[PDB]
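*Asks:* experimental structure below, sequence on top.
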Amino acid sequence: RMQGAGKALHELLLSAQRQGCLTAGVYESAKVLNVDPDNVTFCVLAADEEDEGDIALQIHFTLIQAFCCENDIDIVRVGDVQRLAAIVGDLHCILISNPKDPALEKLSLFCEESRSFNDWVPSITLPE
Amino acid sequence: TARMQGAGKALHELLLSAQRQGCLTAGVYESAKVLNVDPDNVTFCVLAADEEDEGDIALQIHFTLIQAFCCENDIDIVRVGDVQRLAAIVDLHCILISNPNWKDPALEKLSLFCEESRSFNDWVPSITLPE
C-alpha cells in the first residue's frame, strides 16, 4: 500500500474536528450510522491489546464494522488509542462526516488499495 | 406456575404515564446510549420484537447487550412481542423509563412482577400487551 496513511489520518482528524465533522464514542457513533449513514465518510475503530478481551466492546465494533462495509463507508483500525486521544485532545470509535480534502482522498485511496489485496478493514499506524 | 395478573395493563399505564411525564426513551441506539451514560436513572426497560424480528441478527445482538447491561445493573427488564400494539400505545424496539428525579403505581406493580419472575428463575419475563 501507500505510505503516509497515518499522517493523512492525523491531518483529517484535526481538520474534521475544526469543521465540526467528528462524532466520538461507540454509542453515539452507532446512533449516527443508524440515522444518517449517507453523510458519514470515514470511520476509525480504536482498540488496544487489552481491549481485545472486552467482549461487549468487540461486539459493538463488529456491528459498526459490518454496517460500514455494507454501506461502503471507509473504515480503518487504530491500535494506538493513546496517540489517537492525544491527537483529538475510550475514543473507541470516531466517525468523520462531510461538512476538497486531500487527506480524506488519500485515506480513501489507502482503503481502496487495501481492498485490492483483500484487506477489507486495514490497520493504520498513527505517527508520533 | 401462573403469573401475577395485570402486568400487561400495568405496562400500558406505565408507557402512557412515562410519555406524559417526558421520561420515556425510545429506540435501540438512543436507549443504549442513555443506559450507558447513567444507568442509575433508568427504572425499566422493554425489549420489543415480533416473530420475524427473531431472525434480525443485528437487532437481537443489540438486545443481548442491552439485556446483559440491565441485568448487571439491576434494571427491571421485560420482553414484549406485539410491536404493533406497543406502537399504538406510544424505532420502538427498545423503550426505557427513567426517573423524573416519580413513584408511579404501575411501575411499582411491574417491579413486583419482575421480582416474582426472578423467584421463578425467569430473569427477563414476557409481558403480553392487552388489546
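*Replies:* Here it is on my side, so go on. Numbers count the residues shown, from 1 in each chain, chains lettered A, B, ... in the order given.
*Asks:* identify the residue spatially nearest to residue A:48, adjacent ones excluded.
*Replies:* Using Cβ to Cβ, 6 or more residues apart in numbering or on different chains and skipping residues adjacent in sequence, the residue nearest residue A:48 is residue A:81, 4.8 Å away. Backbone N, C-alpha and C define where each C-beta goes, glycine included.
*Asks:* list the contacts for that neighbour?
*Replies:* A:46, A:47, A:48, A:51, A:91, A:92 (Cβ atoms under 8 Å, 6 or more residues apart in numbering or on different chains).
*Asks:* so which elements touch the biggest strand by length in chain A?
*Replies:* Using DSSP state E, we find that the single longest strand of chain A is strand A:40-46. Judged by 3 or more Cβ pairs under 8 Å, 6 or more residues apart in numbering or on different chains; DSSP states H and E, the packing partners of strand A:40-46 are helix A:5-19, helix A:26-35, helix A:55-70, strand A:75-78, helix A:81-88, strand A:93-97, helix A:102-116.
*Asks:* contacts for that strand next, please.
*Replies:* With Cβ under 8 Å, 6+ apart as the test, strand A:40-46 has contacts from A:9, A:12-13, A:29, A:32-33, A:61, A:64-65, A:68, A:73-79, A:81, A:84, A:91-98, A:104, A:107, A:121.
*Asks:* of those residues, buried ones?
*Replies:* Among the contacts of strand A:40-46, those buried by neighbour count (16 or more other Cβ atoms under 10 Å in any protein chain shown) are A:9, A:12-13, A:29, A:32-33, A:61, A:64-65, A:68, A:73-76, A:78-79, A:81, A:84, A:91-97, A:104, A:107, A:121.
*Asks:* how about the residues of chain A near chain B?
*Replies:* Within chain A, the positions adjacent to chain B are A:27, A:28, A:30, A:31, A:34, A:35, A:56, A:59, A:60, A:63, A:66, A:67 by Cβ under 8 Å from any Cβ of the partner chain.
*Asks:* tell me the two of the residues you listed that are most distant?
*Replies:* Farthest pair in these (Cβ to Cβ) is A:35 and A:56. Separation: 22.0 Å.
*Asks:* and the residue nearest in space to the middle of chain A, how far is that from residue A:53?
*Replies:* For chain A, the residue sitting closest to the mean C-alpha position, by Cα atoms, centre = their mean, is residue A:44 at 1.4 Å. Noted for residue A:44: a distance of 21 Å to residue A:53, by Cβ to Cβ, to the nearest Å.
*Asks:* and for residue A:46?
*Replies:* Taken as Cβ to Cβ, the span from residue A:46 to residue A:53 is 16 Å.
*Asks:* so which of these two has more stuff around it?
*Replies:* residue A:46 (22 against 8; other Cβ atoms under 10 Å in any protein chain shown).
*Asks:* look up how far chain B lies from the closest residue to the more buried one other than its chain neighbours.
*Replies:* Distances taken as Cβ to Cβ, 6+ apart put residue A:78 closest to residue A:46, at 4.4 Å, once the chain neighbours are dropped. As for residue A:78, its distance to chain B is 22 Å (criterion: Cβ to the nearest Cβ, to the nearest Å).
*Asks:* for residue A:78, what are its contacts?
*Replies:* Per Cβ under 8 Å, 6+ apart, neighbours of residue A:78: A:9, A:44, A:45, A:46, A:47, A:84, A:123, A:124, A:126.
*Asks:* now, the most widely separated pair of the residues you listed?
*Replies:* Largest separation among these by Cβ to Cβ: A:9 and A:47, giving 15.4 Å.
*Asks:* what secondary structure does residue A:3 sit in?
*Replies:* Recorded secondary structure, residue A:3: coil (DSSP: H, G, I helix; E, B strand; the rest coil).
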